[PDB]
Amino acid sequence: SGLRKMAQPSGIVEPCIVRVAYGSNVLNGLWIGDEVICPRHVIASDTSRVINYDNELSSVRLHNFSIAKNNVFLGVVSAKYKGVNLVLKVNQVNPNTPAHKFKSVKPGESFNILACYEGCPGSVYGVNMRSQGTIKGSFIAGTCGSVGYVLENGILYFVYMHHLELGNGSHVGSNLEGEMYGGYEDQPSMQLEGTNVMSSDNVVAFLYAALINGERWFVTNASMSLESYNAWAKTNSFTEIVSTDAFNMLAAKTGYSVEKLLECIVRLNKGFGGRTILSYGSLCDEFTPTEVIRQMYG
Amino acid sequence: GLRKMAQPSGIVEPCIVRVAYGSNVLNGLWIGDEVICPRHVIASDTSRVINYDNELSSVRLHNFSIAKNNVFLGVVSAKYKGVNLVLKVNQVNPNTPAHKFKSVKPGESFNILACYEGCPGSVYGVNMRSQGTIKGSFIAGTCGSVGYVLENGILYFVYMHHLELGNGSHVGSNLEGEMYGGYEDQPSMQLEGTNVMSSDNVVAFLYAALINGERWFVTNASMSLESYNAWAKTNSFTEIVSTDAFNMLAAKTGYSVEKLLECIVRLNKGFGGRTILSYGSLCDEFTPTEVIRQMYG
Ligand SMILES: *C(=N)[C@H](C[C@@H]1CCNC1=O)NC(=O)[C@@H]1[C@@H]2[C@H](CN1C(=O)[C@@H](NC(=O)C(F)(F)F)C(C)(C)C)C2(C)C
Ligand SMILES: *C(=N)[C@H](C[C@@H]1CCNC1=O)NC(=O)[C@@H]1[C@@H]2[C@H](CN1C(=O)[C@@H](NC(=O)C(F)(F)F)C(C)(C)C)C2(C)C
Numbered sequence: 001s002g003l004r005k006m007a008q009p010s011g012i013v014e015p016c017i018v019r020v021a022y023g024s025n026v027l028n029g030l031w032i033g034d035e036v037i038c039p040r041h042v043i044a045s046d047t048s049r050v051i052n053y054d055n056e057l058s059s060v061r062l063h064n065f066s067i068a069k070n071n072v073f074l075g076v077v078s079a080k081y082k083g084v085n086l087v088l089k090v091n092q093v094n095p096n097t098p099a100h101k102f103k104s105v106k107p108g109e110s111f112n113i114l115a116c117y118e119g120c121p122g123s124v125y126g127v128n129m130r131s132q133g134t135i136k137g138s139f140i141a142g143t144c145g146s147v148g149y150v151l152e153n154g155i156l157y158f159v160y161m162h163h164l165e166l167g168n169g170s171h172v173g174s175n176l177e178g179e180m181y182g183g184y185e186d187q188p189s190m191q192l193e194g195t196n197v198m199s200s201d202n203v204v205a206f207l208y209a210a211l212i213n214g215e216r217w218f219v220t221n222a223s224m225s226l227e228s229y230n231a232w233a234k235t236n237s238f239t240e241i242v243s244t245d246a247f248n249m250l251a252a253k254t255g256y257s258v259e260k261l262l263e264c265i266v267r268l269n270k271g272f273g274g275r276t277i278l279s280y281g282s283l284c285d286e287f288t289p290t291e292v293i294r295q296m297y298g
Numbered sequence: 002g003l004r005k006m007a008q009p010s011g012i013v014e015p016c017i018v019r020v021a022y023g024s025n026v027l028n029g030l031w032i033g034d035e036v037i038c039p040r041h042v043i044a045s046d047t048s049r050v051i052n053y054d055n056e057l058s059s060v061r062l063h064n065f066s067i068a069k070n071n072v073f074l075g076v077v078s079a080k081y082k083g084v085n086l087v088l089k090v091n092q093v094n095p096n097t098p099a100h101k102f103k104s105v106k107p108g109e110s111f112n113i114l115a116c117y118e119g120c121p122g123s124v125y126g127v128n129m130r131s132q133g134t135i136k137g138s139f140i141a142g143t144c145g146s147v148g149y150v151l152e153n154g155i156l157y158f159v160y161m162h163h164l165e166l167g168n169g170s171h172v173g174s175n176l177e178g179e180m181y182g183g184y185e186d187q188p189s190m191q192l193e194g195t196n197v198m199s200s201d202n203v204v205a206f207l208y209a210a211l212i213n214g215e216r217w218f219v220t221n222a223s224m225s226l227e228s229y230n231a232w233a234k235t236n237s238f239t240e241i242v243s244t245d246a247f248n249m250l251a252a253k254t255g256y257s258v259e260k261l262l263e264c265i266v267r268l269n270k271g272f273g274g275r276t277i278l279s280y281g282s283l284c285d286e287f288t289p290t291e292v293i294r295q296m297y298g
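From first to last, the protein sequence lines are chains A and B.
Residues in the first sequence are numbered consecutively from 1, following PDB author numbering.
Residues in the second sequence are numbered consecutively from 2, following PDB author numbering.
Take a look at the structure:
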């Protein structure tokens, strides 16, 4: 029993984290094969104002890169841009390169963060992508280049690299192909995050998780049609639920229908009545159906 | 915001092995030429009270199956160290990290590598409660999951999961075989005493909320240490010994401990339908050091 936000083990990722220093900047890079991927603003000469990245690359001095891994230093063969990331060919192949691929995370989907502080892996925790392409990820100075990953079927999927924090605290990064999530720019100009639309699928999983744990104070016999909830959702900043069949395993092991839990969302979105669900005071959309079934049925 | 985080688990992952005895399957910690696991893996009937010493006398060492990826281990001998089975195996763990054994105390945080039938599945942070229990997420086949803490470049093994109480609390032992809270590894109903909340950790939890911009719960009102402790003794909260541990947190936020102590007494009554860091009640799971780490590095 129990439910905790969890991160898949980071052992397979830790050997790929390196310190990348250049000029006045020090951050993290991902050492896979004979490459070191890192945010391209590591070569920015002035991070206090807008950056001309075309000019910064045209004047790059490969000798100024200082990439380190324990007592090892990696020399840079060449440097190019791939989106908002620098691709640095290095003089050594990482002997601990795991079988891996690359992909992008979509809103409402969970993945793991290896928070690294200037080349030194510091912590590991799970996150969930928000509607606007952001995450809440406890990133501070020196943590750019920190890697987000997902483990599945023996393959390591790199899916996120950290870049910046918005004025409202939300955190922004890119996939390893250099595409910033949410369309944000790696420029030190003020940027806005639109309204946060909560994942309806994740909230249903959060309520199914409480029922399985034996917490049943919030459920009633009242139900709500999917079409009615979706109408309420697109008015209250909640995503639409495409099918009740997507929770067929959770409804079958608890005996509770999805339409029953939809009623609970609109009712609980008004307030928890001084009580809590799994210690939370409000609805939580950071747990996916996959992520609940894992914790609780193996 | 604020989230429970785990220290990187790479140094521990190579030590986890699947331990199977008959139809029983759980996890073990492979250190040196030894595999440590909960001793009830050899129990013939985990629904009844177990005569462990007699069960070990009737153990078939060859009935064990211990494996991890491309590693398969054979058992040479078996003994008990407290509630843990210590199996000497015919191969050393080539990646045994330098480490020590110690016990965590109430209010202290540490990391749990959740393992499912030999496969490290997840890692997450936990906090030791007053009655020697923790609130995690353990299910069948997760016994033997190891808890660890990295302090000062030193790896410490501090926990091995064993059972779940009727109220959902989770019980394990240190790596020396001593059960936390004195519970027994027997299928017998046992009760957890009244939980005493860590006042140090709640003050850190409120400091973190202030850092995140959530300051609706604050006021210029304050409460002396002597006054709070007199209140803590009769409301299931620990006493605060000094404000030095928060000197830094107070330096940045500019908020004093005595201000936050008043907030505890007031917020202990209820949050009035409002939230603090997504919580609807005071949280004592984050230590001063934990908050200083996440917020400032
Ligand atoms: C990489 N080490 C940091 C990580 C930051 C530091 C504070 N929290 C984080 O997540 N990334 C940066 O410092 C990037 C970097 C220049 C400025 N920057 C920012 O994150 C800034 N924010 C923005 O520019 C904004 F508001 F538009 F998002 C800062 C004010 C320092 C948070 C560049 C090249 C964008
Ligand atoms: C190890 N794989 C499991 C982990 C359990 C199962 C569900 N959640 C957990 O943390 N441990 C056990 O199965 C231990 C083990 C026998 C019974 N047991 C229990 O945890 C049971 N608890 C009790 O009997 C209680 F409450 F009295 F402590 C169970 C009912 C399955 C939760 C032994 C040897 C104690």
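Yeah, the Cβ is synthetic: ideal placement off N, Cα and C, and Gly gets one too.
Go through its chain and collect everything with a Cβ distance to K80/A's Cβ below 7 Å, but skip five positions before and after it.
Position 80 of the first sequence holds residue 80/A. In its chain, beyond the 5 residues on either side, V87 have a beta carbon closer than 7 Å to the beta carbon of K80/A.
Beta carbon of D186/B: closer than 7 Å to some heavy atom of ligand 2?
One-based indexing of the second sequence puts residue 186/B at position 185. Because some heavy atom of ligand 2 lies under 7 Å away, the Cβ of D186/B counts as near it: yes.
Reducing DSSP to helix, strand and coil, say where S48/A ends up.
Taking the first residue of the first sequence as 1, we reach residue 48/A at position 48. It is coil, neither helix nor strand.
Take the Cβ of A231/A as the centre, count every other Cβ of all protein chains shown within 10 Å, and call the residue buried at 16 or more, exposed below.
Translated into the one-based positions of the first sequence, residue 231/A becomes position 231. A231/A should be labelled exposed.
Are there 16 or more other CB atoms within 10 angstroms of the CB of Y297/A, so buried, or fewer, so exposed?
By one-based count along the first sequence, residue 297/A stands at place 297. Exposed.
Taking the continuous beta strand (DSSP E) assigned at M129/A, which residues delimit it?
The count along the first sequence starts at 1 and reaches residue 129/A at position 129. No beta strand (DSSP E) contains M129/A, which DSSP labels as neither H nor E.
Nearest-angstrom Cα distance between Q295/B and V18/B?
On the second sequence, residue 295/B is found 294 positions in, with the first residue counted as 1. On the second sequence, residue 18/B is found 17 positions in, with the first residue counted as 1. Taking the straight line joining both Cα atoms gives about 32 Å.
Is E215/B helix, strand or coil when you go by DSSP?
Taking the second sequence and counting its residues from 1, one reaches residue 215/B at position 214. Residue state, collapsed to three classes: coil.
Between which two residues does the alpha helix (DSSP H) harbouring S243/B extend?
Here residue 243/B refers to the residue found at position 242 when the second sequence is read from its first residue. Boundaries cannot be given for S243/B, as no alpha helix (DSSP H) includes it and DSSP labels it neither H nor E.
For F238/B, which residues from the same chain have a beta carbon less than 6 Å from its beta carbon, with the 5 sequence-adjacent residues on both sides left out?
Within the second sequence, numbered from 1, the residue matching residue 238/B stands at position 237. Taking C-beta separations shorter than 6 Å and ignoring five residues to either side along the sequence, the partners of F238/B in its chain run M198, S200, following chain order.
Under the three-state reduction of DSSP, which class applies to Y256/A: helix, strand or coil?
Taking the first sequence and counting its residues from 1, the one referred to as residue 256/A is at position 256. Three-state result, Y256/A: coil.
Just grab the DSSP bridge partners of residue 324/A for me.
In the structure as shown, chain A starts at 1 and stops at 298, and residue 324/A therefore has no counterpart that could be examined.
Counting along the chain, where does the alpha helix (DSSP H) carrying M296/A start and finish?
Translated into the one-based positions of the first sequence, residue 296/A becomes position 296. 289-297 is the extent of the alpha helix (DSSP H) around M296/A.
Using a cut-off of 8 Å between C-beta atoms, extract the partners of residue 328/A located in chain B.
The requested residue 328/A is not part of the displayed model; chain A covers only 1 to 298.
List the residues of chain B that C284/A touches, going by C-beta distances under 9 Å, in chain order.
The residue given as residue 284/A occupies position 284 in the first sequence. Ordered by position in chain B, the residues that pass the 9 Å Cβ test against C284/A are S279.
Within the 8 Å Cβ cut-off, does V124/A reach chain B?
Position 124 of the first sequence, counted from the first residue, corresponds to residue 124/A. So yes, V124/A belongs to the interface.
What I want to know is whether the C-beta of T47/B ends up closer than 7 Å to one or more non-hydrogen atoms of ligand 2.
Position 46 of the second sequence holds residue 47/B. Flag set: Cβ of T47/B near ligand 2.
Kindly identify the DSSP beta-bridge partner or partners of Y160/A.
Counting from one through the first sequence, the residue named residue 160/A turns up at place 160. DSSP lists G148/A as partners of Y160/A.
Using a Cβ-Cβ cut-off of less than 9 Å, give me the residues of the region 32-50 of chain B that come near chain A, in sequence order.
none
For a contact meaning CB atoms closer than 9 Å, what does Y117/A contact in chain B?
Translated into positions along the first sequence, residue 117/A becomes position 117. Ordered by position in chain B, the residues that pass the 9 Å Cβ test against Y117/A are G298.
Using a Cβ-Cβ cut-off of less than 9 Å, give me the residues of the region 4-15 of chain B that come near chain A, in sequence order.
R4, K5, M6, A7, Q8, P9, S10, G11, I12, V13, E14, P15
Identify the residues that DSSP records as bridge partners of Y280/A: which are they?
On the first sequence, residue 280/A is found 280 positions in, with the first residue counted as 1. Its beta-bridge partners are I277/A, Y280/B.
According to a CB-to-CB cut-off of less than 7 Å, which residues of the region 263-276 of chain A neighbour chain B?
Cβ contacts with chain B: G271, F272, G274, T276.
In the DSSP assignment, what are the bridge partners of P39/A?
Along the first sequence, one-based indexing puts residue 39/A at 39. In DSSP, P39/A forms a bridge with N85/A.
Indicate whether at least one CB of chain B lies closer than 8 Å to the CB of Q295/A.
Taking the first residue of the first sequence as 1, we reach residue 295/A at position 295. True, the Cβ-Cβ gap to chain B drops below 8 Å.
For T195/A, which option in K234/A, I43/A, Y117/A has the closest C-alpha, if you only look at C-alpha atoms?
By one-based count along the first sequence, residue 195/A stands at place 195. When only C-alpha atoms are compared, the closest one is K234/A.
Quick check: what's the CA-CA separation for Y149/A versus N128/A?
As a first step, residue 149/A is located in the first sequence; it is residue number 149 there, counting from the start. As a first step, residue 128/A is located in the first sequence; it is residue number 128 there, counting from the start. Cα to Cα, the separation comes out at about 12 Å.
In the DSSP assignment, find the beta strand (DSSP E) that holds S59/A and state where it starts and stops.
Reading the first sequence from its first residue, position 59 is the one you call residue 59/A. Neither: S59/A is in no beta strand (DSSP E) and is coded neither H nor E.
Report yes if the C-beta distance between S146/A and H162/A is below 8 Å; otherwise report no.
For the purposes of this step, residue 146/A is identified with residue 146 of the first sequence, where counting begins at 1. For the purposes of this step, residue 162/A is identified with residue 162 of the first sequence, where counting begins at 1. A contact, by the Cβ cut-off of 8 Å.
Count the other CB atoms within 10 Å of the CB of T134/A; is the residue buried (16 or more) or exposed (fewer)?
The sequence position of residue 134/A within the first sequence is 134, counting from 1. Per the 10 Å Cβ criterion, buried.
Determine whether the Cβ of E193/B lies closer than 8 Å to any Cβ atom of chain A.
For the purposes of this step, residue 193/B is identified with residue 192 of the second sequence, where counting begins at 1. By this cut-off, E193/B is not an interface position.
In chain A, which residues lie with their C-beta within 9 Å of the C-beta of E165/B?
Against the second sequence, residue 165/B aligns to sequence position 164. Those are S1, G2, listed as they occur along chain A.
Given that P121/B touches chain A, what residues does it touch there, using C-beta distances under 7 Å?
Position 120 of the second sequence holds residue 121/B. Ordered by position in chain A, the residues that pass the 7 Å Cβ test against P121/B are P9.
Name the chain A residues whose beta carbon is nearer than 9 Å to that of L114/B?
Counting from 1 along the second sequence, the entry for residue 114/B is found at position 113. Those are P9, listed as they occur along chain A.
Exposed or buried, what is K69/B when buried is set at 16 or more other beta-carbons lying within 10 Å of its beta-carbon?
Indexing the second sequence from 1 puts residue 69/B at position 68. Counting Cβ neighbours within 10 Å, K69/B comes out buried, since at least 16 surround it.
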